[PDB]
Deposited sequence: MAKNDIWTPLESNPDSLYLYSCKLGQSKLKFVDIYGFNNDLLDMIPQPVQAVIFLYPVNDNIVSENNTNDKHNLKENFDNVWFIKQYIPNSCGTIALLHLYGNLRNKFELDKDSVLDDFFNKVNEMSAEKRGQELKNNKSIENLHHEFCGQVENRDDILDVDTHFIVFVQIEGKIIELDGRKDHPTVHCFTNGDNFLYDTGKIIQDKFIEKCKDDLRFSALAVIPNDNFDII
């Protein structure tokens, strides 16, 4: 049971979200993590999605375990809209609204198993996945999506391969994008002993 990696292009992510039941949030490329470039990002930033190669009470954070290779794009969208549900509501009776209601009382483990059995999402996923010319486009699981969201003034990193969310530090609206950049630089970029070709996206409101 293997999936085609999700296309990370901001337009494809949006369109994919629209079909899943969320049209209120959009994605904007992050060109770098220095202040100059982060200043270019429109605010308020609601989250940051990050792609790269290869206390603990989480009562208030929605978490799903990842069991399927290259489903991570979708897991990230799940972690994203699932934790912004109060602020940006899902379309009533949409694929995601239905999924979140169905798994609301489930643990991160059973949530993850439910994903396996969700035809709609798997189908919609592979309408917004990358192209495949050869097996190395689906069997090469090298790049990985993770997401950072602000939950009760705390920067929470959400990754389905880990056993739980990773709580980082306190923050606020104004500072979230910047505190997040510092975390990404020290935890992933500079910690990597090479030219870490990453990509990043800020999630912002579609309107105001």
Ranges of the deposited sequence (numbered from 1) for which no C-alpha atom is modelled: 1 to 4, 59 to 74, 229 to 232
